[PDB]
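These protein sequences, in sequence, are chains BBB and AAA. PDB author numbering puts the first residue of the first sequence at 64, with every later residue one more than the last. PDB author numbering puts the first residue of the second sequence at 63, with every later residue one more than the last. Where a beta carbon is used, it is the ideal one built from N, C-alpha and C, also for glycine.
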Amino acid sequence: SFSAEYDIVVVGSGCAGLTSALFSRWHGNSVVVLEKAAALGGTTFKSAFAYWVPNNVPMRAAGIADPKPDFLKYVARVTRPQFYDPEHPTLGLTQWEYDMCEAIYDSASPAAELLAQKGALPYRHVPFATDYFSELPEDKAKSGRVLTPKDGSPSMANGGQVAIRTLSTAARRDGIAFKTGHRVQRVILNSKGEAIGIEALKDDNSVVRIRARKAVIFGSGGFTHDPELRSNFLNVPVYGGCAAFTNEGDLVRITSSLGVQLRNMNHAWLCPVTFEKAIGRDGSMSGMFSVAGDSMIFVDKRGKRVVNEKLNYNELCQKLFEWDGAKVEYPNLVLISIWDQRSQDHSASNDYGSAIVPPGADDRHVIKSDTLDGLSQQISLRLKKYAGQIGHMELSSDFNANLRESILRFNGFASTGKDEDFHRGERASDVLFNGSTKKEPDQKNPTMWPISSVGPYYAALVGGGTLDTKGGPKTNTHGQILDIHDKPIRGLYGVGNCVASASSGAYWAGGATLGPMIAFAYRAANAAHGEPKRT
Amino acid sequence: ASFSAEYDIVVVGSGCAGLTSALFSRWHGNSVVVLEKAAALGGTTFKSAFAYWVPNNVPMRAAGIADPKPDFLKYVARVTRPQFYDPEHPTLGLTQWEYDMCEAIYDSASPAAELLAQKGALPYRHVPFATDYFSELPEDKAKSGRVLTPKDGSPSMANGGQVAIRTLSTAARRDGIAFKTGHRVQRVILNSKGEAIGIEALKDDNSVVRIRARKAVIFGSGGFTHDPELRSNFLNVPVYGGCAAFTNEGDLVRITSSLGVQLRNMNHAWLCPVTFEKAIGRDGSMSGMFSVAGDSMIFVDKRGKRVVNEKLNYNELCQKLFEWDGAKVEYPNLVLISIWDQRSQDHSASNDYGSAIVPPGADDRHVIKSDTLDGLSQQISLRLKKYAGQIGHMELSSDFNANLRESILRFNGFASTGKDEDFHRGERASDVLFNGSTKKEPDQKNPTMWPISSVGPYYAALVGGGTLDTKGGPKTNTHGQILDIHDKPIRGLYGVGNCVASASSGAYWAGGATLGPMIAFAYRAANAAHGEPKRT
Ligand SMILES: *Cc1cc2c(cc1C)nc1c(=O)[nH]c(=O)nc-1n2C[C@H](O)[C@H](O)[C@H](O)COP(=O)(O)OP(=O)(O)OC[C@H]1O[C@@H](n2cnc3c(N)ncnc32)[C@H](O)[C@@H]1O
Ligand SMILES: Cc1cc2nc3c(=O)[nH]c(=O)nc-3n(C[C@H](O)[C@H](O)[C@H](O)COP(=O)(O)OP(=O)(O)OC[C@H]3O[C@@H](n4cnc5c(N)ncnc54)[C@H](O)[C@@H]3O)c2cc1C
Numbered sequence: 064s065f066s067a068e069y070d071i072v073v074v075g076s077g078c079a080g081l082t083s084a085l086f087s088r089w090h091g092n093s094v095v096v097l098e099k100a101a102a103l104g105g106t107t108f109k110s111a112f113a114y115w116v117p118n119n120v121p122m123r124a125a126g127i128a129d130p131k132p133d134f135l136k137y138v139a140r141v142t143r144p145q146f147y148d149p150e151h152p153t154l155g156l157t158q159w160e161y162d163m164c165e166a167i168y169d170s171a172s173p174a175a176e177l178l179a180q181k182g183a184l185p186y187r188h189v190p191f192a193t194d195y196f197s198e199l200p201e202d203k204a205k206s207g208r209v210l211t212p213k214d215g216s217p218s219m220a221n222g223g224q225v226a227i228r229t230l231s232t233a234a235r236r237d238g239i240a241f242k243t244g245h246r247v248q249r250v251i252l253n254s255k256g257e258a259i260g261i262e263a264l265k266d267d268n269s270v271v272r273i274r275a276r277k278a279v280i281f282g283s284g285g286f287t288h289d290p291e292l293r294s295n296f297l298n299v300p301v302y303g304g305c306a307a308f309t310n311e312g313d314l315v316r317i318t319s320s321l322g323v324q325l326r327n328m329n330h331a332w333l334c335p336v337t338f339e340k341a342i343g344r345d346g347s348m349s350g351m352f353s354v355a356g357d358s359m360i361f362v363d364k365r366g367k368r369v370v371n372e373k374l375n376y377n378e379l380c381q382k383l384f385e386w387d388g389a390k391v392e393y394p395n396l397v398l399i400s401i402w403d404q405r406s407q408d409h410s411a412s413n414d415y416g417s418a419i420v421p422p423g424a425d426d427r428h429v430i431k432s433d434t435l436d437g438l439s440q441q442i443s444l445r446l447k448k449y450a451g452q453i454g455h456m457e458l459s460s461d462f463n464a465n466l467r468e469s470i471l472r473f474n475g476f477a478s479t480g481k482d483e484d485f486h487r488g489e490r491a492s493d494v495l496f497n498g499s500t501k502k503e504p505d506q507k508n509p510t511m512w513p514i515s516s517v518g519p520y521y522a523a524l525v526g527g528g529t530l531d532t533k534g535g536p537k538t539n540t541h542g543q544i545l546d547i548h549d550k551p552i553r554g555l556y557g558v559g560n561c562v563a564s565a566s567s568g569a570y571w572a573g574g575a576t577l578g579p580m581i582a583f584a585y586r587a588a589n590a591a592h593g594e595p596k597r598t
Numbered sequence: 063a064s065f066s067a068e069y070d071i072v073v074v075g076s077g078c079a080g081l082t083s084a085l086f087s088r089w090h091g092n093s094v095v096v097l098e099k100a101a102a103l104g105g106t107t108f109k110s111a112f113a114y115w116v117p118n119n120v121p122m123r124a125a126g127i128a129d130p131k132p133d134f135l136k137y138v139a140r141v142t143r144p145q146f147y148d149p150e151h152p153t154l155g156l157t158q159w160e161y162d163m164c165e166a167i168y169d170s171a172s173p174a175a176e177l178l179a180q181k182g183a184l185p186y187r188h189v190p191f192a193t194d195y196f197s198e199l200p201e202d203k204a205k206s207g208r209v210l211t212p213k214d215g216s217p218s219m220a221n222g223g224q225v226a227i228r229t230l231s232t233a234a235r236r237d238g239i240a241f242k243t244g245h246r247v248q249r250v251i252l253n254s255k256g257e258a259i260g261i262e263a264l265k266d267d268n269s270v271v272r273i274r275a276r277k278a279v280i281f282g283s284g285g286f287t288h289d290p291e292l293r294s295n296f297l298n299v300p301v302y303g304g305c306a307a308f309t310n311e312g313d314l315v316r317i318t319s320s321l322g323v324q325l326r327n328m329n330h331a332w333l334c335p336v337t338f339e340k341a342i343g344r345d346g347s348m349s350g351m352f353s354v355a356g357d358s359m360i361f362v363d364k365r366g367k368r369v370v371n372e373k374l375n376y377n378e379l380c381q382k383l384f385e386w387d388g389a390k391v392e393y394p395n396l397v398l399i400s401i402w403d404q405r406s407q408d409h410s411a412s413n414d415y416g417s418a419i420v421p422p423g424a425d426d427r428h429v430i431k432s433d434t435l436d437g438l439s440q441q442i443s444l445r446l447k448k449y450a451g452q453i454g455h456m457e458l459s460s461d462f463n464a465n466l467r468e469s470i471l472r473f474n475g476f477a478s479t480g481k482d483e484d485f486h487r488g489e490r491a492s493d494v495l496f497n498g499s500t501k502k503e504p505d506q507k508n509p510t511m512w513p514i515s516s517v518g519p520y521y522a523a524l525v526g527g528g529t530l531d532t533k534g535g536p537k538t539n540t541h542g543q544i545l546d547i548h549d550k551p552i553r554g555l556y557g558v559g560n561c562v563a564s565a566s567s568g569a570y571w572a573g574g575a576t577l578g579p580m581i582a583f584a585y586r587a588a589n590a591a592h593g594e595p596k597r598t
């Protein structure tokens with residue numbers, strides 16, 4: 064038996080849990096939110112809280128249609144490229160993927176509107192944020208879908224903190240109970256196999272059992288920080304990610320005897336990371352969404368550019384895991400970001416995972432030297448320090464010569480404004496996350512400027528990480544966790560990164576994690592409200 | 063509820079894992095049944111060459127070829143976990159589990175092979191020339207010698223699997239192992255203490271049968287290549303299928319979903335290029351493309367440019383096909399086009415090892431043909447159109463013809479000097495080793511290349527990425543015992559072969575690197591299962 068009882072028990076206090084809790088409470092249920100950490104907010108707290116809301120009221124107010132068939136074609140084209148077909152009944156998606164994407168379109172705006180109306184998540188529009196693949200002809204609403212917390216800073220970097228504040232303030236105002244230091248570790252079933260509550264491990268190592276009359280809703284985030292799970296499931300061998308450190312995939316263990324379908328386990332939301340911060344478990348670390356610097360290139364261990372440094376983070380991270388079967392190594396396992404004094408002075412940022420950081424910031428990851436040859440010596444020392452993580456990678460014997468050639472070639476591209484090798488700056492999204500730069504009259508392309516012929520020169524190692532994972536128990540479009548016959552496990556719900564995303568390995572646009580997540584919190588809460596009170 | 067039959071040991075699947083597990087079990091004196099889902103025995107194993115890679119095997123020792131254990135471990139460690147391999151680390155940078163599993167392979171494969179041969183179940187011959195796939199690594203101290211093959215396999219060895227299933231199943235029958243075909247196991251039955259006490263299987267006629275196991279249920283049920291949902295949701299690359307038996311649909315993943323197991327290595331398969339049209343068309347006789355045929359032959363992408371060494375090890379080459387172009391939201395190499403001339407048609411064709419170049423009389427529906435290169439590109443275009451819904455509506459670039467001419471001029475230079483400046487074709491031993499048949503040419507500096515003909519006819523085939531089978535599933539210890547989430551055996555429950563987690567990660571060490579380890583674990587599993595008390 065149990066020491067407490069509520070209509071709805073919510074696990075986790077990021078976006079998925081707080082919104083699920085609020086929607087549940089507003090239907091009149093009693094609700095508790097159980098949080099494993101000492102503080103609320105999880106990864107959501109660290110985010111910019113961009114949220115991508117199709118057919119939102121700001122768009123409609125501007126007379127911008129977001130036609131539903133074209134919304135589905137955009138997400139289908141990006142999510143399942145090989146199979147996308149406009150003439151196919153579900154656009155080449157499976158029925159489940161199609162229905163999930165449809166649910167996002169149907170429910171995101173009503174969810175966003177209700178949260179705002181109740182003062183839980185007031186927003187402003189981000190009209191100029193373009194979708195990450197807006198150039199595709201399938202995208203018929205290329206900008207307009209993004210919302211952000213109303214009181215977020217101009218950079219929006221603190222959006223997640225603002226959102227956790229407004230969400231949790233409304234939750235307290237409306238009588239939702241909170242318990243921190245409660246690590247849920249078990250779902251309790253009745254004799255009919257229905258979820259009737261949880262067991263949680265407390266700080267002092269005692270367990271408590273808490274009954275849920277109607278539903279247990281998991282919003283417990285991903286598994287980035289269980290290295291075993293991460294390594295065994297993800298399609299790339301990432302070194303970590305900006306996910307909260309308490310996101311260790313507990314739901315995967317919780318459901319291991321429940322007969323669930325683990326889906327999309329092979330995918331994470333990907334991003335490059337400041338490699339030394341991932342290895343060193345810096346909890347304040349962000350994914351490198353904006354690769355800082357215009358007088359800045361990435362080179363491999365041969366001293367050559369291999370990629371557009373301004374490419375969308377979810378795609379750029381994948382470059383780091385290209386495999387060289389002939390040499391039995393990952394040639395790009397870490398890349399080296401190299402920049403000059405101009406970028407140091409005018410492109411530094413504490414936000415969006417920039418490796419270029421302003422005076423006073425933690426600079427332990429920054430490598431520095433007065434010559435290019437000196438820099439390579441310093442980079443070598445850094446590679447040696449982390450040898451056991453990166454295959455004992457070394458700079459090639461012709462590194463310095465190749466680097467000089469790479470800088471000369473790039474400097475040409477920066478003069479003409481045309482990167483003939485990797486097309487840096489030619490897609491809108493490259494400009495979108497370009498970061499701060501020193502204004503230069505008659506810079507031809509804002510993403511490039513010639514690297515100075517004098518030092519000092521700076522560098523940082525860039526490795527591959529996650530925002531968090533996006534695989535877990537499969538749900539229906541109402542957030543109900545399914546058994547292997549696709550039938551709900553009665554009373555059991557999941558929302559957010561702890562369950563399977565329908566987005567496969569794709570990242571549609573800024574806010575493509577939180578926008579869908581709010582839609583499903585709303586659908587989950589609406590369904591959970593309809594549950595009979597049991598046991 | 064009750065059971066309609068009872069045995070000491072119940073074995074699920076009749077490929078290598080199941081037959082060997084069953085035989086070892088029976089020879090300890092247990093009663094044994096083998097439950098096979100299909101109408102026929104043998105699974106993927108039946109289709110294989112039955113190369114099996116057996117470290118420190120008796121033929122090697124008899125020939126005076128050393129295979130020191132510490133160096134064996136460094137070879138497999140270096141290949142398996144490249145980022146973390148470290149000769150100074152106590153487990154070489156592997157996890158304790160991976161290290162222990164690799165050690166078990168070295169310790170147990172040879173005694174397993176010896177016993178199966180002694181009993182006449184798997185007589186073998188040595189294949190002294192079969193060389194490891196990364197033989198150039200200094201860690202490999204026994205670069206050749208580890209491979210065995212069924213004694214009566216053909217000279218090419220291509221029917222080895224059929225011979226092995228014949229000798230194994232004949233011995234099994236001889237020694238009183240029971241067989242039930244058309245029995246699709248779908249559930250493990252537990253007692254009140256949560257121990258495995260038997261199975262439920264679905265029969266062809268849709269009746270269900272419950273069969274008690276006194277000591278152990280051993281799964282040898284193969285991988286999940288042919289469950290598209292599981293394949294698509296777990297593997298690190300979006301493969302189109304594979305040469306796995308079509309009945310390999312990952313049943314064990316569903317069976318164990320309520321048993322609290324740890325699914326491990328789910329992100330990896332044994333990978334290989336495939337003749338794309340045979341994967342899409344579900345040709346059950348299809349083999350992975352283990353040798354890419356032809357010396358006067360190149361692979362081009364849809365731009366008409368070479369992108370890869372066509373002679374690269376199959377498990378590595380397959381990965382090239384899934385390179386991702388984030389800027390264009392496409393897989394640039396999703397299919398590559400193998401193009402060859404009459405010389406390669408005549409002298410490199412093969413019915414074996416997944417060759418796209420096939421001799422007269424072989425099924426050649428996948429072969430595209432034209433008298434001119436310009437005609438060939440028109441023919442290739444029609445083929446891409448036919449499969450548009452599978453390959454992102456990929457098209458040849460508008461400058462395909464001109465690029466191809468340039469690619470062939472470049473390659474023809476490389477073929478005459480013997481030096482492929484772009485992709486180093488022929489510079490690693492395995493490129494030469496798996497090069498396939500070629501017309502002997504006195505003037506040839508590099509056996510893997512010869513100039514492409516200045517006249518037609520020309521031939522082409524689409525190449526896509528596939529599997530041999532998957533290699534993730536419930537984690538076992540080195541004794542084949544399926545573990546719960548606290549790393550403790552689920553009593554009575556065993557798994558061997560592709561249905562459980564391989565310790566090889568995404569790596570393919572050598573020819574026979576699936577079957578060799580597999581026999582080691584069948585032996586260890588059977589030895590442990592024999593030790594189980596009789597229960598329920
Ligand atoms: C495709 C292929 C693979 C291959 C090869 C050549 C080809 C064309 N050559 C190889 C080689 O020479 N050496 C080597 O090491 N590997 C080679 N491979 C890979 C290899 O064939 C496989 O790794 C290996 O044979 C797998 O053996 P295993 O015993 O694990 O699996 P199987 O042979 O596929 O048999 C599984 C059987 O189980 C039955 N099954 C499936 N589900 C059920 C249920 N529910 N109940 C009962 N039986 C079930 C399948 O029907 C199958 O028969
Ligand atoms: C720096 C950064 C910036 C980002 N910016 C954006 C952005 O602007 N827009 C966007 O769409 N996405 C963004 N993302 C991704 C986004 O933050 C996440 O996808 C989203 O916040 C996940 O929310 P969630 O509720 O699923 O999980 P989380 O916010 O991670 O919350 C899960 C919570 O569950 C708790 N928990 C875990 N296990 C248990 C247990 N056993 N019992 C109890 N509680 C448990 C955790 O401690 C945690 O508090 C960003 C990510 C990062 C790292």
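Asked	Found
Taking only runs of the alpha helix (DSSP H) that begin and end inside the stretch 90 to 123 of chain AAA, which ones reach a length of at least 4 residues, in chain order?	105 to 109
Answer yes or no: the CB of residue 320 (chain AAA) versus the heavy atoms of ligand 4, is any distance below 7 Å?	For the structure depicted, ligand 4 is absent and the ligand set comprises only ligand 1 and ligand 2.
Let me check understanding here. Comparing Cα to Cα, which of BBB:305, BBB:387, BBB:360 and BBB:179 lies closest to residue 349 (chain BBB)?	BBB:305
Could you tell me whether any non-hydrogen atom of ligand 2 is closer than 7 Å to the CB of residue 98 (chain BBB)?	yes
With DSSP as the reference, please indicate the residues paired to residue 546 (chain BBB) in a beta bridge.	BBB:323
Would you tell me roughly how many angstroms separate the C-alpha atoms of residue 577 (chain AAA) and residue 205 (chain BBB), rounded to the nearest one?	52 Å
Nearest to residue 453 (chain BBB) by alpha carbon, out of BBB:115, BBB:425 and BBB:396?	BBB:396
Give the residues of chain BBB in contact with residue 236 (chain AAA), contact being defined as C-beta atoms less than 7 Å apart.	Those do not exist, as residue 236 (chain AAA) stays about 39 Å from chain BBB at its closest Cβ, beyond 7 Å.
Return the Cβ separation of residue 250 (chain AAA) and residue 239 (chain AAA) in integer angstroms, given the expectation that the two are a contact with Cβ distance under 8 Å.	So it is not a contact: roughly 21 Å between Cβ atoms.
Going by DSSP, what residues sit across from residue 334 (chain BBB) in a beta bridge?	BBB:528
Under 7 Å between beta-carbons, which chain BBB residues line up against residue 565 (chain AAA)? List them in chain order, please.	Under the 7 Å cutoff, chain BBB gives no residues; its nearest Cβ is about 12 Å from residue 565 (chain AAA).
Measure from the alpha carbon of residue 182 (chain BBB) to the alpha carbon of each residue in BBB:567, BBB:212 and BBB:322, then state which is nearest.	BBB:212
Just to check, is the beta-carbon of residue 242 (chain AAA) closer than 7 Å to a non-hydrogen atom of ligand 2?	no
Mind checking who residue 345 (chain BBB) pairs with in its DSSP beta bridge?	Bridge partners of residue 345 (chain BBB): none, in fact.
Are any of the Cβ atoms in chain AAA nearer than 8 Å to that of residue 148 (chain BBB)?	yes
Tell me where the alpha helix (DSSP H) around residue 141 (chain BBB) begins and ends.	131 to 142
Nearest to residue 335 (chain AAA) by alpha carbon, out of AAA:352, AAA:281 and AAA:598?	AAA:352
So, is the C-beta of residue 392 (chain AAA) closer than 8 Å to a C-beta in chain BBB?	yes
With distances taken between CB atoms, is the gap from residue 98 (chain AAA) to residue 274 (chain AAA) smaller than 8 Å?	no
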